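Now for the letters of each chain:
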Amino acid sequence: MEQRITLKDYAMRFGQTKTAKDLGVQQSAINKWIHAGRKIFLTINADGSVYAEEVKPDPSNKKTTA
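Residues numbered from 1 in each chain as written, not as in the entry; some residues may be left out. Heavy atoms only, no water.

- Listed as the method for this PDB entry is solution NMR.

- The name that the PDB entry assigns to the protein is Regulatory protein cro, with the source organism given as Enterobacteria phage lambda.
- Quoted straight from UniProt, the Subunit entry for the protein says "Binds DNA as a homodimer." (UniProt positions renumbered as here; feature names shortened; annotations may be inferred.)

Laid out in structure tokens, this is it:
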């Protein structure tokens, strides 16, 4: 299986700080990601880094609310 874990699993597993640190983001964005149930998958590298991959659903609308 691929190494694309869920933001929830990795967050509750490794933590919210350890993730935001390896990703290079702010803990503020992480909380907002799970707060709104943002579907994401962070992949673990062989060097010790991690990058959050975003899905690309079907382009139906072009608006943004929350």
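Text resumes after the structure shown.
**Remarks on the UniProt feature "DNA-binding region" in the protein**
Here is step 1: With numbering aligned to this structure, UniProt lists the feature "DNA-binding region" at residues 16-35.
Here is step 2: The straight-line gap between the two end C-alpha atoms of residues 16-35 is 13 Å; of that span, 85% is helix and 0% is strand. (Helix = DSSP H or I, 4+ residues; strand = E, 2+ residues; numbered from the N terminus.)

**Re the sheet that holds strand β3 (residues 50-54)**
Here is step 1: Taken together, the 3 strands give an open sheet; going across it, the order is β1-β2-β3, and neighbouring strands pair in antiparallel fashion. Looking at which strands have only one partner, the edges of the open sheet turn out to be β1 (4-6) and β3. The sheet shows a mean angle of 40 degrees between the axes of neighbouring strands, taken without regard to direction.
Here is step 2: Contacts from helix α2 (residues 16-23) reach β2 (40-44) and β3 within the one sheet, and its direction differs from that of β3 by about 90 degrees. (Pairing = 2+ DSSP bridges. Axes fitted to C-alpha atoms, helices over the stretch in contact; angles between N-to-C directions. Contact = heavy atoms within 4.5 Å.)

**Some remarks on the nonpolar core**
Here is step 1: In terms of nonpolar packing, the biggest core is built from 5 residues, these being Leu7, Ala20, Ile30, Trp33 and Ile40.
Here is step 2: Apart from residues lying up to four places away in sequence, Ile40 is in contact with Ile5, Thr6, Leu7, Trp33, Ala52 and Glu53. (Core = buried A, V, L, I, M, F, W, Y, C linked by side-chain atoms within 4.5 Å. Buried < 20%, exposed > 50% of the residue type's maximum accessible area, 1.4 Å probe, protein only.)

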